[PDB]
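# Fold and contact review
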Amino acid sequence: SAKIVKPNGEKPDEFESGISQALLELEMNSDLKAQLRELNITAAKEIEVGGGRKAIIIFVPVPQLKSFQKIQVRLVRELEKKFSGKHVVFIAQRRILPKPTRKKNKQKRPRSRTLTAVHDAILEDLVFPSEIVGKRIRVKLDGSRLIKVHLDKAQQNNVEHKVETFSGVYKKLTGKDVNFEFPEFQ
RNA sequence: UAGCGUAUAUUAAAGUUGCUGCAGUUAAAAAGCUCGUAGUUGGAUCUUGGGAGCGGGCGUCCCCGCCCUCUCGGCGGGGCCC
Ligand SMILES: [Mg+2]
Ligand SMILES: [Mg+2]
Ligand SMILES: [Mg+2]
Ligand SMILES: [Mg+2]
Ligand SMILES: [Mg+2]
């Protein structure tokens with residue numbers, strides 16, 4: 001199988017040729033080759049979400065992430081059309097660096113490579129057509145904390161059915177749980 | 001009570017020297033006012049929940065083990081190892 005668009009660490013292409021092939025007959029399409037041949041993906045997951053629903057996550061290099069962000073809605077529309085019954089999200093590959101403890105000549109860890117910043121950026125990239133307008137993290141009496149994220153109320157018609165997939169994906173690849181709301185206009 | 005009084009130094013009483021812990025309108029006590037160097041003090045932000053068996057009951061509690069590094073390992077190149 002032609003796997004030309006998937007750079008990796010070195011090796012792993014774990015039967016996820018489906019996304020590469022799908023992009024490959026998203027070749028010869030309408031007005032999408034001016035902005036798709038030069039940029040590619042790193043990895044893809046087919047995690048379980050909610051009930052029997054399935055969502056697929058696509059990991060992208062960061063400058064290539066911004067270049068996906070400019071054309072994401074069209075590509076995700078027909079790629080969901082091909083992969084019927086599943087939801088597609090685009091996430092960067094973010095490279096968290098560990099916190100330096102008291103244990104040769106290491107460099108200063110960038111603030112964007114911290115886990116807090118990475119989780120914030122992941123939450124921002126996960127919901128792309130809508131914009132985050134607030135955060136209402138709440139400690140519920142047990143030491144456990146639930147995050148509540150407010151979306152921009154201008155893409156509610158576009159994205160209101162994916163919120164449980166967003167919650168499942170964010171629980172899967174970050175570990176904490178979120179809810180999504182659409183407040184009245186500010 | 002075989003002891004008891006007096007003088008003086010000193011401690012508690014004394015939160016009447018105050019770190020714990022005092023005061024400063026009118027009782028004693030805020031500089032006429034502003035700048036200012038030592039001194040003293042100084043906003044928020046970079047690892048957290050799922051983690052590995054013993055684990056105060058995987059019992060959604062958790063004795064608790066976290067699922068630092070590499071040049072000779074010495075129990076020029078075999079696993080039993082440090
Ligand atoms: Mg005294
Ligand atoms: Mg007094
Ligand atoms: Mg007076
Ligand atoms: Mg000074
Ligand atoms: Mg501070």
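Conventions adopted
- Residues numbered from 1 in each chain as written, not as in the entry; some residues may be left out.
- Chains lettered and ligands numbered in written order.
- Part of a larger assembly, values for the part shown.
- Heavy atoms only, no water.
- Helix = DSSP H or I, 4+ residues; strand = E, 2+ residues; numbered from the N terminus.
- Areas by Shrake-Rupley, 256 points an atom, 1.4 Å probe, with all protein chains shown as cover.
- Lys, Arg positive; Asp, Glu negative; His and termini not counted.
- Charge placed at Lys NZ, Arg CZ, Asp CG, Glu CD.

Its PDB record attributes the structure to cryo-EM, giving the resolution as 2.9 Å.

### Some details on the overall build of chain A
For chain A, the helix and strand inventory stands at five helices and seven strands. Secondary structure elements of chain A, listed N to C terminal, follow the sequence α-β-β-α-α-β-α-β-β-β-α-β. With the C-alpha coordinates of chain A rotated into their principal frame, the extents come out at 55 × 55 × 30 Å. On chain A, roughly 11900 Å² of surface is accessible, and the fraction owed to carbon and sulfur atoms is 53%. Considering chain A, the positive charge centre built from 37 side chains and the negative charge centre built from 23 side chains are found 9 Å apart.

### Thoughts on unusual backbone geometry
Notably, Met-28 is not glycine yet its phi reads approximately 45 degrees, a positive angle. Note on placement: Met-28 falls in the loop between α1 (17-24) and β1 (43-45). Its identity as a non-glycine residue notwithstanding, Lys-153 has a phi of 70 degrees, on the positive side. Tracing the backbone through its elements, the reader meets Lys-153 in the loop between β6 (145-151) and α5 (163-173).

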